[PDB]
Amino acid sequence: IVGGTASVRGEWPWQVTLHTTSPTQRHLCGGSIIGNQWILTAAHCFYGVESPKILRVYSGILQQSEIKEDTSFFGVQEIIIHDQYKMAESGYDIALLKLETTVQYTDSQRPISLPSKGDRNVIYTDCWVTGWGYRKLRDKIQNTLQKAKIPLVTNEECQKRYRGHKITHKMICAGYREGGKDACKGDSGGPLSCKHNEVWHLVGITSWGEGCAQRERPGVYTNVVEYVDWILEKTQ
């Protein structure tokens, strides 16, 4: 996260870190707890992941250095990728992870609600993006979970900044005109969380963008509301 600050223990309990063991163990992507054995993330994270066996979902983690060899994780039983996904910029950058076991909800690990279908005429103004991603375009992956407050920009407005691509209604954009605050590489698949009437909602999944925190270049997120039917169908 570019231009953010450090999160506190249990500030974003739905945030998970998604590890790969091949070739060696490292943070791959972000994800959100939405059900007892369901992580909502971005499809582009799994390019070149061939077996769900090389994945490790760690929850209740604030700092990466908390993860030791004996720290427990949730195994991925199934990776579900939207049939229509081809690449981030084309859309359908959405994926589910069905965990081998259910999460035991505590204060440091617990779920975020999806938006409602009637919540499509709702305008979120209290939105936050979170991850262990890069602090700048040419950086590394952070030890402490970073947070940054960011305002949504309208699909129409976003489209003007990105004439190199099509910005569909199944996407949502968020950024500052002058930039400075944005998600970055490694934040992918993590949450953009917006608070509506004291209830936190999963409004977007971190998908892509032109560089990181560039001015006039808003972050692009998978519009979660446009997928509730897809998600519910899959989460059974």
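The first residue of the shown sequence is 1; numbering continues from there.
Between 158 to 166 and 96 to 104 (mean CA B-factor, as deposited), the higher: Comparing 158 to 166 with 96 to 104, the higher mean C-alpha B-factor belongs to 158 to 166.
Of 46 to 54 and 184 to 192, the stretch whose C-alpha atoms average the higher B-factor in the entry: 46 to 54 has the higher mean C-alpha B-factor.
Top Cα B factor in the deposited entry, candidates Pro111, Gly118, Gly91, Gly75: It is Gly118.
Selection by C-alpha B-factor (highest) of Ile172, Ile205, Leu28, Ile34: Across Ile172, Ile205, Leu28, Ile34, the entry lists the biggest C-alpha B-factor for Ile172.
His82, C-alpha B-factor rank within chain (lowest, middle or highest third): Middle third of the chain for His82's C-alpha B-factor.
CA B-factor placement of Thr125, once the chain's modelled residues are sorted into thirds: It falls in the top third of the chain.
CA B-factor placement of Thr21, once the chain's modelled residues are sorted into thirds: Middle third by C-alpha B-factor.
Chain third (lowest, middle, highest) by recorded CA B-factor, residue given as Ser59: It falls in the middle third of the chain.
Cα B factor band for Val153 (lowest, middle or highest third within the chain): For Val153, the deposited C-alpha B-factor lands in the middle third.
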